[PDB]
Structure formats: C-alpha cells, structure tokens
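K.L.:
Let me begin by handing over the structure; questions about it come next.
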Amino acid sequence: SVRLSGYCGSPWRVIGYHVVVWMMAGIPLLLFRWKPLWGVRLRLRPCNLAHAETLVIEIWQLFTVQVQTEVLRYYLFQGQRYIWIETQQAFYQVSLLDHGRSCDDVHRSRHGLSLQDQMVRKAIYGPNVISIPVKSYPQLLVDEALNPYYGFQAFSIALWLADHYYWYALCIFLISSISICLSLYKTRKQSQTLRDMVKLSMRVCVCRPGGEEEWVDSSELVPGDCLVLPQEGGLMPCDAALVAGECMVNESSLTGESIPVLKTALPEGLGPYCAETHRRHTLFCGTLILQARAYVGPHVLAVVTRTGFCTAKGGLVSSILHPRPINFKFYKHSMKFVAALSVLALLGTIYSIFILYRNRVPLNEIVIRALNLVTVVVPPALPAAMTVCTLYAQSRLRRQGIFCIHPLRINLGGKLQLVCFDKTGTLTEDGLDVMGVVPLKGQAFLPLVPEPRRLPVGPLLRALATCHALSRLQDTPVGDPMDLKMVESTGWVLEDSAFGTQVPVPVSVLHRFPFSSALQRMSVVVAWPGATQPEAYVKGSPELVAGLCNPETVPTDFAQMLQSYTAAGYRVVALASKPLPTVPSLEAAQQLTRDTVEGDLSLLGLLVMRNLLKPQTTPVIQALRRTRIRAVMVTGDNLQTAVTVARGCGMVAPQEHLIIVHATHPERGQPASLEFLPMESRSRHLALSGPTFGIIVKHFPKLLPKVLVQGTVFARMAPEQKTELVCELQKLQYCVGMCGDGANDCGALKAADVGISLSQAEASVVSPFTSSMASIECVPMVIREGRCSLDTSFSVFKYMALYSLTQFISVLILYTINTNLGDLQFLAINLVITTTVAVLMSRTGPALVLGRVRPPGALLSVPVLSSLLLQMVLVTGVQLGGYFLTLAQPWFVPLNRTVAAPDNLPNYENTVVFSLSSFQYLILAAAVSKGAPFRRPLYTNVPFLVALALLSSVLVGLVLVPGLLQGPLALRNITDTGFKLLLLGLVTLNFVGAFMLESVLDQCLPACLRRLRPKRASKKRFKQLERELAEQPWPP
Ligand SMILES: CC(C)CCC[C@@H](C)[C@H]1CC[C@H]2[C@@H]3CC=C4C[C@@H](OC(=O)CCC(=O)O)CC[C@]4(C)[C@H]3CC[C@]12C
Ligand code: ALF
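Residue numbers (the deposited numbering): 34 to 92, 100 to 110, 157 to 581, 587 to 594, 614 to 791, 814 to 1168.
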C-alpha cells in the first residue's frame, strides 16, 4: 500500500531546521538519514493534500517528492506523472486519465489532434521522452561524499592532521578519493548505459485535424495524437494503435525477439482498448518498423496511446532505474558481526584510556590518543574494496558474453536453488527442422524420406513447396517458421505468388485460404503450366485432414504411425490434394469457397518436423542436477513434446518417475478433480499443464506446495502463467532464476530472482541479465561467478576485519610502551600494502566446476568468527613474542618514556613491532584468499601474486638491508643479523601457522559443528515440504 501527506511550505521552519542541523552536530543528520520520517516531520508542517508542496510517498519505505504546477499541479514519482484531479481531490496517475476508452474512440481520433488540444495534452502527459536524469560531477560528489563513512574519514583526516601525522592524513585522503572516484565511475557508467539505450529523437509526420499533415518533433507527441507511419518505415517513437493497414515490426528492442511481426489494424467495437488484448494492433516504443503498408488511403495511420515513461520501454526503464528491493539479504547479521567486532575495539579503547592514564599522558592528548585508536579500526579502503569486487564481477561476466545491467544481482545468481527454462530457443533449437515426409503408394505408407528434394515432381512436392503463406520481405521470405522451413527443405524459391523449380515447372497460386488456429487447418488453390486442371493442397492437423480425405485413400495404419511420431516429440502435419474441375484462371479461382476445397481430399503424405535439442543443453542440465539445483521447464508447447524434451535433456533421468497430473474442469454440480496418470520410460516429478496449473492454483491451494516442490515439466503455460508460477515458486522461498529468450518469457524474466535473456544484443531492458550466446551454457557461467563473487565479498570483509584488528593490536602494544607507529609507517601499512592487496584480492576468477556445496550467507557464522578470533590470537602472539624477544637481546636499550611519539621514535620496540606487523598483513591476505571450492586459486591472478611477492621482498629488504628506507620510515637500524634472522623465522612461523590454522578450521570444524548440535529443522519452506514429502510421498 501507499500513503500521501501534504506539507504546505513555510520559510521560518526551514531555516530553523537548517541552522539546528548545521550547528548541533552530524549525529542528528545520521539519525535523520536512518529515520527520515521524523526529519521530514520536523522540517515542515503537515497540511491537507490539496494544499501540498511536498509529498511523502510510501511503498515501509520513505520518499520525498515535490508538487509542482504549470490549474495543473502534478508530481513525478519514479518518473511516472501524477496529476491533480480537481473533481476527485486526489492525485491520479496519468496512465489512468484516458485508460478505458473503446476502439471506436481510437478510430475516431484518426483525424488527429488540434494544436490547442495538443498543448493541453502535452501539459498533462508531459514530453514524450524517457528522460534519464543527467547529474553533473558536483551533484555526484554530493551524492557519495556525504556518506557518513566519508564524513568519518574526513573527521579522521582532521584528527590526524591535529597530531602532525601529515603523511597518514594524505594517505587517508588518497584512499577516500580513490573510493569516491570508483563509486562515481560506477554510477556514471550505469547512467551512460541507460541514457545510451533509451535515446531516440526524430521527426515524425503528424495527422492534424482536417488533413493538413504536419511534421513535428518526436518529443511533442501526446496520447490521442494521430501519427502517420512512413511507407519505408523507421524507428517507432511512442506506443500506438494501428488504424490502417499492416506493419512489420522488429520488436527485439522490447521483447528480445528479432523475428519480424505482423501488426494488423485495430478491430472496431465498443470494447475498451487494452494494450494486451490488442497486442497485435499496437506498435510499441523503440521497436524498429521494418516496412508498413496502407491498404485504404494513401498513408498508414497510428493513434498514439502512451508517451514517455508510460510506454512499454518506458515501464521497463522505470523498473531498471528504480529496481524493487532484493528479498534475499546476502550478508546476514552483518550488523551483529560488526558489533561483535566493535566490542573488541571498545575493550581496546578502554585499555588505551587506562594505560595512557597510567602513563601520565596529558588529558587533551589522551583524548587524541583514544580517538586515533578508534579511527584505526575503521578501514579507509572498505568502500574501494567492495566496489572493486563488484566491478571485477561485472567485468568477468561481460568477458564471456553475459551483460549484467546492475551488478548487485550476481550475489543472488550465486545462491540459486531453482532454475526455470523455456523450451523453444532455450533448450531446443529455435526453429523446427523437418525430418522429412512419408509418401503414400496407394493405401500404404512409404519409408521416411529425409530430403524432400529427392521426391519426384508431383502432388506431394508441389504441396510441400506451395501450400504455405510465405511472403518476400526485402528479398527474404517471412511467415510461419514451420512453413518457411518446409519450403527451404524443398529447395524452391518464391518469385499472385509464383515459385521456381529448384533444378520441373514454376508453380502459381491462384487462390489461398489463410490458416486459422480454431480451424487448425489451411488450404490453397494451386496451378502450374502444363496442368490439365488446378489442384488444391491442404495442410493441417493430421487427424482432421484425414477425416476430410477419402476413406479409401487413408491407410489403415495411419493411427499407429501418427501415435508413434507424435509421442516421440515430432510435430506432424498432413498434406492432401484433390483435383479441381474448375478452368485454370484467376477469375474463377478467387470464387472458390474454403468449405468446397477442404472437403473430398486425397492424402498425399505426413510431414514430420522435429525440434532438435541443442548439443549444449544436456551437459548443463546434468551439471545443474548433480549440484542439487532444481531444474524446471516452464514452456508453452505441448505436454507430450515438453515431457519428451525434458526426459531427453536430463531433467528426468530414465529411472525417475514423471507423473502427469491432470485437473478436470469443474462442471455444474461437481468440483475440480485431480487425477494422476504416470509415464512409462528427485525420485518423483510431476508434469502439469497450463489449465491444470490454473485449476490447482484456484481450487487447491493446499495441494499447491506439493505440486511446486516436485513439479518439473510445466507445459502449455501461457506467458502470464509463467510469471504466476515464478511468483508462486518464490513464495516457497526458492531463489528461482529463469533463463528464457523469446517474447513469452519476458514477463517472468522480471519476476525471477535471476533472469537471463538467452539470445540478445549488447544489452536490453528485457531482463536483469542477458547473454550473447544461443545455448544455456550461461546459467552455469552465472551461478559460478555468483558464487565466486559472494565468496570474494566474504573474503574481503574478513580481510578488512583482520587487517584492522591487527593494526589496532599493534598500535595498542605500542601505546602500552609509550610509542606510536609513526607517520610514514601508517602510510606504508594503510596504502602500499593493505589497499593494494585489498583491491587486487578480488581479481581471481570463479572455479571451473559447479560444486554441491552452496556458499555461506552469514557473516556472524561461527566459522567466520572462529577464524577471526584464532587468526587474531595468533597475530597477537607473534607480535608479543617479537616484543618480549627484543627485550632479552643484549644490544637492547629502552626508549625514552619521558616523551611520546614521534619524539622518542625511532626505537627498537617500534622497529620490531612494525617489522612484524607489515608481514602480518600479507600473511592474513594470503590466508583469507581460499580458492577451493568457489574461486580459482590465489596464484592464478598474477597481479595479486606479484603484489604479494614484491611487498614481501621489499619488507624483507627493510628487515635485512641496513639503511634501506630506514630514514623516511624512521626504523631504528638493528646491527645484529642473528636477531634479524630470528625475526624472519617468527614471521615464517606465523605464515605457516595462519595457513595451517585456516586449513584445520575449514576442514575439521564443520564436522564438529554438525556433531555438536545438528540442525533440528530448516527455515526454508520448501525444505520443510521436501522433508514432509520424503517422510510420506504425496501422490500415492
Ligand atoms: C599508490 C599505489 C601503490 C596504490 C595502488 C592502487 C591500485 C592498485 C588500485 C586503485 C584502484 C584500483 C582500480 C579500481 C578499479 C578497477 C577495476 C577494473 O576495471 C574494469 O573492469 C574495466 C571496465 C570496462 O572496460 O568495461 C580494472 C582495474 C581497476 C582500475 C583497479 C586496478 C588497481 C587500482 C588502480
Ligand atoms: F518455448 Al517458449 F516461451 F519459447 F514456451
């Protein structure tokens, strides 16, 4: 639901709010950006909605929009207009102003729209542009640099500069600048992609009232305006309803289907016009009209219906710009994790205050010594690391051909638990391939002929090459893909309609009755030179055609062969012929009725057509089902063809039962009945239909979960029932992700948590993901990279936690002995080592196989916290060992406690602690990068391995080479070399210890975790249903 609230303006309250927020503190601003309702309530006085100058749109989410005027007083929410309807005293969207007008009104608006009315409709409906907002670089900076994170970073910069650590402040400024430039680049790239995608502006002629055709801009169209389409065609500027002629629209930009479409005129009547009912008569926005022709009148007319964000492209782009929140939260208990790690920072700050009180430090300096130690545990390179993870994920995906528009969907692509599929184009080849035609020799069937070219010239070959409705569109046949394929198999070329022999007289079409879905058959009138009389060829459903055929012509084995072909996934169409005593001429042929031609036929043969399975589909389905990711087929084809594809493409192993569930329609006096009829060739599937699924949704919402938990084949599903089913599967807490390609799928590719549009261009609005390949090989390529990304994010968070705690423990061990870490040593640690490593750690790709082990989803998980705590105990052990070992050395002399750093610094203690700590960082960085089973191993991204090698070598130089950078960094020059080798031995001990500890945890700890307290039950609803079914199977 939503809610509105008016806030009539007043300047005194506004200026009071501004001065209070600016003078008081940033904390009120922080709680405001966390609780904006209180902030907006304090800013301005509530008022009646008819007096508003500011709204509060709610979805509960909070948005603030401004009511503006031009009386017309309107506001734009998410780009959709809403206007002030005076009579109803409410804000009604503009998509609902004229919504509900009849086709007769659309036809009446054919004469156009007068300029005096066009100005009114342009005031109401606004400009006909999908205006992606343009934000200047200052606006972007105010967007990102006002984050409380960067506010705290600037506070820390000032805090350090007030301590004369200039180089560390420069370091923090440079890292925050890099983070801001990265965020700005990401945002600008997304906005540039969208603004490039939806940029169209042209000049289109407009039908003025009275017939004075006027040319105007494409940004000055209004619903109700009449638009004349160029005879040669062109890009379409706005949705429209055809009111004359036919069109050839290439709707790939809107629905991802590149095949030309026939768009006929609008059928008259008093039925209110619908964008879905009359979807054959509507020309959408952004679709490239190939060629349009006018049958009556000199020009083809379209009456605009939707302009701007109201259109189909406008709606999809409003969805892309303002995506709905993601339901599955990737980092669960992340706040509790950072709290369980901030308790450590608080304990350390207590120790700091205590030991600096004990060290007789000035209180004004104790406050700084504590605030610095607090700001150490806030890593300046956290946003940089996160956005670099997302950028690397996007780039790895784009490098294969998968084009993710907004990168936050990859993490969802990682934890997929269900994957739906189309069938035609996704699993099986897009176009039907004919297996051949079986001819008749008297009253018996002849062996199947794979090549119709080898058929001798006769009624069968002529029917194959002529009985169709193909038309040449720009020197290219267009029409039904089935008919086009059955034509190209014969080798004949279209030249009324005449056809030339492949290698044998041309064949002419005297008359043709168009195919009808209700009649499920079609007939034509065919004549050729040298023929005594024209012949009629009929193609349609074989059982219906055979009825019209002569009983003595139909073989007695017709039914058995038909059953054997149809149940095998083939699509068989019957071809029949009959002589016509009509004189060969176009005049008499045009008078033939369809009823006369259809009757009294002679069966020529059966044309068998197969839809082959792509070679890349079976391995993908097997590698999705051996990783326990359910695979479902949501198709709109037959149920037997779907079942045969699914059983062939690995969705149903030969030993898994598939129980076709059938729901009989509830007649008068009886309810709906579920009857289960199985099939003869996890452990049980169900193959619903479209009507059966609708019946089970309506009547039996109790037996619906046990149908969506084990149902595999969903055939005869209407384009809206695919979305129905995807939503119903999400209601069982599946992370379903659909992978379809055509125009039927684009309804569900939005509802699915990860939609992949199989065959696309560089990008499109149809679905979050796309792809530039034809096979479903891109579903594993998305799941693998989603797992790699969802694991890289955990690795980077863990490294930032470990690297902050290590630096904080180091600074504490130094504060205890009354030293600090210096000025250039902080710069080294937080820029050269840690930022480099954190931004190169995310570069290593995904694994090359899909594993049965799903990545974690919790940051507070006891593996993660046990790892952090054990790594930190080991690091603190190594640093305290180094310190307590530099004491026992003979050449040791303690520092001057009478002064604090950087005065007493350099000294031996700071030298030892920094030397160990700078290695601690690289060791934890290589210890948290775990390749198996999600990522490719560490050495397989040469930037990271070379970074680790160069930094380890440089630090070993610092430890071993005298005078090497020991002046700028202020490291005391240790003369002894045996103690240097002892420090390196302690470093290597920590290296081995960290790697061994991580291996021991990752291997053994899960077993003890299972044994100590096994999971009693799973929160997933589908998991509870799966257990309930394994205990007792539902369909008996
Ligand atoms: C002073 C020194 C020692 C600090 C080192 C910092 C660099 C190692 C970091 C800072 C930001 C990082 C960059 C941040 C983000 C990107 C992601 C990536 O960009 C793309 O994905 C290409 C986009 C496209 O072509 O579509 C390439 C690496 C790069 C520039 C990173 C490379 C390493 C950079 C330059
Ligand atoms: F086979 Al489809 F939508 F392409 F069901």
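Ideal Cβ placement from N, Cα and C applies to all residues, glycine included.
#1: Would you please state the rounded distance, in angstroms, between the beta carbons of residue 1045 and residue 1011? I believe it to be under 8 Å.
#2: Going by the C-beta, is residue 1084 closer than 7 Å to any heavy atom of ligand 1?
#3: Closer than 7 Å to a non-hydrogen atom of ligand 1 - does that hold for the CB of residue 279?
#4: Buried or exposed: residue 267, going by 16 or more other Cβ atoms within 10 Å of its Cβ?
#5: Can you check whether the CB of residue 335 is closer than 8 Å to the CB of residue 612?
#6: Looking at residue 704: is its Cβ nearer than 8 Å to the Cβ of residue 623?
#7: Would the C-beta of residue 876 count as close to ligand 2, meaning under 7 Å from any of its heavy atoms?
#8: Buried or exposed for residue 92, please, with buried defined as at least 16 other CB atoms from any protein chain shown within 10 angstroms of its CB.
#9: Would you say residue 686 and residue 655 are within 8 Å of each other, going by their C-beta atoms?
#10: With a threshold of 16 other CB atoms inside 10 Å of the CB of residue 666, please say whether the residue is buried or exposed.
#11: Is DSSP giving residue 129 helix, strand or coil here?
#12: Throw me the rounded Cβ distance for the residue 881 and residue 1102 pair, which I believe falls under 8 Å.
#13: Given that a residue counts as buried once 16 or more other Cβ atoms are within 10 Å of its Cβ, and exposed if not, what is residue 76?
#14: In the DSSP assignment, what residue or residues form a beta bridge with residue 90?
#15: Quick check: is any heavy atom of ligand 1 less than 7 Å from the C-beta of residue 496?
#16: Quick one: what does DSSP say residue 336 is sitting in, helix, strand or coil?
#17: Closest to residue 1015 by CA distance: which of 898, 937, 1118 is it?
#18: Would you kindly work out how many angstroms separate the C-alpha atoms of residue 946 and residue 1024, rounded to a whole number?
#19: Name the two residues that bound the continuous beta strand (DSSP E) containing residue 844.
#20: As a quick check of your reading: which residues have a C-beta less than 7 Å from at least one non-hydrogen atom of ligand 1, in chain order?
#21: Residues bridged to residue 647 by DSSP?
#22: When you compare each of 749, 724, 725, 759 to residue 741 by their alpha carbons, which one comes out closest?
#23: DSSP has residue 993 in a bridge; who is on the other side?
#24: Which residue marks the beginning of the alpha helix (DSSP H) containing residue 478, and which one marks its end?
#25: Where residue 535 and residue 664 are concerned, what is the direct C-alpha to C-alpha distance, given to the nearest angstrom?
#26: Excluding five sequence neighbours on each side, which residues of the same chain lie with their C-beta closer than 6 Å to the C-beta of residue 465?
#27: Excluding the 5 residues flanking residue 1060 on each side, which residues of the same chain have their C-beta closer than 6 Å to its C-beta?
#28: Quick check on DSSP: helix, strand or coil for residue 895?
#29: Please classify residue 1147: does DSSP put it in a helix, a strand, or coil?
#30: Are the segment 1054-1068 and the segment 906-923 touching, with three or more C-beta to C-beta distances below 8 Å?
#31: Which residue's Cα is closest to the Cα of residue 527: 544, 1039, 34?
#32: Report buried or exposed for residue 71, applying the criterion of at least 16 other Cβ atoms within 10 angstroms of its Cβ.
#33: How many whole angstroms separate the CB atoms of residue 370 and residue 303, which I take to be in contact at a CB cut-off of 8 Å?
#34: Can you name, in chain order, every residue of its own chain whose Cβ lies under 6 Å from the Cβ of residue 958, other than the five neighbours on each side?
#35: Starting from the C-beta of residue 679, find all residues in its chain whose C-beta is less than 8 Å away, skip the five residues before and the five after it, and write them out in chain order.
#36: Report the residue from 473, 281, 300, 863 whose alpha carbon sits nearest the alpha carbon of residue 289.
P.N.:
According to the structure data:
#1: To locate residue 1045, count along the sequence shown from 1; it is residue 913. To locate residue 1011, count along the sequence shown from 1; it is residue 879. The Cβ separation is near 6 Å, so the contact holds.
#2: Residue mapping note: residue 1084 aligns to position 952 of the sequence shown, counting from 1. No, Cβ of residue 1084 sits at least 7 Å from all heavy atoms of ligand 1.
#3: Against the sequence shown, residue 279 aligns to sequence position 193. Every heavy atom of ligand 1 is 7 Å or more from the Cβ of residue 279, so no.
#4: For the purposes of this step, residue 267 is taken as residue 181 along the sequence shown, with counting starting at 1. It is exposed - the Cβ of residue 267 has fewer than 16 other Cβ atoms within 10 Å.
#5: Residue 612 cannot be located in this model; the chain continues from 594 straight on to 614.
#6: What you label residue 704 is simply residue 594 of the sequence shown in a count that begins at 1. What you label residue 623 is simply residue 513 of the sequence shown in a count that begins at 1. Contact: yes.
#7: Locating residue 876 in the sequence shown gives position 744, counting from the first residue. Yes; taking the cut-off as 7 Å, the Cβ of residue 876 has a heavy atom of ligand 2 nearer than that.
#8: Here residue 92 is taken as the residue at index 59 of the sequence shown, counted from 1. Burial call: exposed.
#9: Here residue 686 refers to the residue found at position 576 when the sequence shown is read from its first residue. Here residue 655 refers to the residue found at position 545 when the sequence shown is read from its first residue. It is a contact, given that the beta carbons lie within the stated cut-off.
#10: Within the sequence shown, residue 666 is the residue found at index 556, counting from 1. Flag for residue 666 reads exposed.
#11: Missing here is residue 129; the chain as given proceeds from 110 to 157 without the residues in between.
#12: Working through the sequence shown from its first residue, we reach residue 881 at position 749. Working through the sequence shown from its first residue, we reach residue 1102 at position 970. At roughly 60 Å, the Cβ-Cβ gap does not stay under 8 Å, so residue 881 and residue 1102 are not in contact.
#13: For the purposes of this step, residue 76 is identified with residue 43 of the sequence shown, where counting begins at 1. Buried, because 16 or more other Cβ atoms sit within 10 Å of the Cβ of residue 76.
#14: Sequence index remark: in the sequence shown, residue 90 carries index 57 (1-based). Note: residue 90 sits in a beta bridge opposite 103.
#15: Taking the first residue of the sequence shown as position 1, residue 496 is located at position 410. No; taking the cut-off as 7 Å, the Cβ of residue 496 has no heavy atom of ligand 1 nearer than that.
#16: Numbered from its first residue, the sequence shown carries residue 336 at position 250. Correct three-state label for residue 336: strand.
#17: Mapped onto the sequence shown, residue 1015 falls at position 883. The shortest Cα separation from residue 1015 among 898, 937, 1118 belongs to 1118.
#18: One-based indexing of the sequence shown puts residue 946 at position 814. One-based indexing of the sequence shown puts residue 1024 at position 892. Taking the straight line from one Cα to the other gives about 17 Å.
#19: To locate residue 844, count along the sequence shown from 1; it is residue 712. Where residue 844 is concerned, the enclosing beta strand (DSSP E) stretches over 843-846.
#20: 264, 268, 470, 474, 477, 478, 480, 481, 484, 963, 964, 967, 968, 971, 972
#21: As a first step, residue 647 is located in the sequence shown; it is residue number 537 there, counting from the start. Bridge partners of residue 647: 634, 687.
#22: What you label residue 741 is simply residue 631 of the sequence shown in a count that begins at 1. Taking only the C-alpha atoms, the option nearest residue 741 is 759.
#23: Along the sequence shown, read from residue 1 onward, the residue named residue 993 stands at position 861. For residue 993, which the question treats as bridged, DSSP gives no partner whatsoever.
#24: Against the sequence shown, residue 478 aligns to sequence position 392. 468-486 is the span of the alpha helix (DSSP H), which, as asked, contains residue 478.
#25: The residue labelled residue 535 in the question sits at position 449 within the sequence shown. The residue labelled residue 664 in the question sits at position 554 within the sequence shown. So the two alpha carbons sit approximately 19 Å from each other.
#26: On the sequence shown, position 379 is the one that residue 465 refers to. Taken in chain order, the residues that qualify are 932, 936.
#27: The residue given as residue 1060 occupies position 928 in the sequence shown. Only 927, 930, 931 meet the Cβ criterion.
#28: Your numbering for residue 895 matches position 763 in the sequence shown. Coil, per DSSP.
#29: If you number the sequence shown from 1, residue 1147 lands on position 1015. Coil at residue 1147, not helix or strand.
#30: yes
#31: Mapped onto the sequence shown, residue 527 falls at position 441. Comparing Cα-Cα distances from residue 527 to each of 544, 1039, 34, the minimum goes to 544.
#32: Taking the sequence shown and counting its residues from 1, one reaches residue 71 at position 38. That one is exposed.
#33: Taking the sequence shown and counting its residues from 1, one reaches residue 370 at position 284. Taking the sequence shown and counting its residues from 1, one reaches residue 303 at position 217. Between residue 303 and residue 370 the Cβ distance is about 20 Å, and since that is not below 8 Å, they are no contact.
#34: As a position in the sequence shown, residue 958 is number 826, starting the count at 1. If we look at residue 958 and ignore the five residues flanking it on each side, its Cβ neighbours are 254.
#35: Locating residue 679 in the sequence shown gives position 569, where the first residue counts as 1. Same-chain partners within the cutoff: 720, 721, 750, 751, 754, 755, 758.
#36: Taking the first residue of the sequence shown as 1, we reach residue 289 at position 203. Of the candidates 473, 281, 300, 863, the one whose C-alpha sits nearest the C-alpha of residue 289 is 300.
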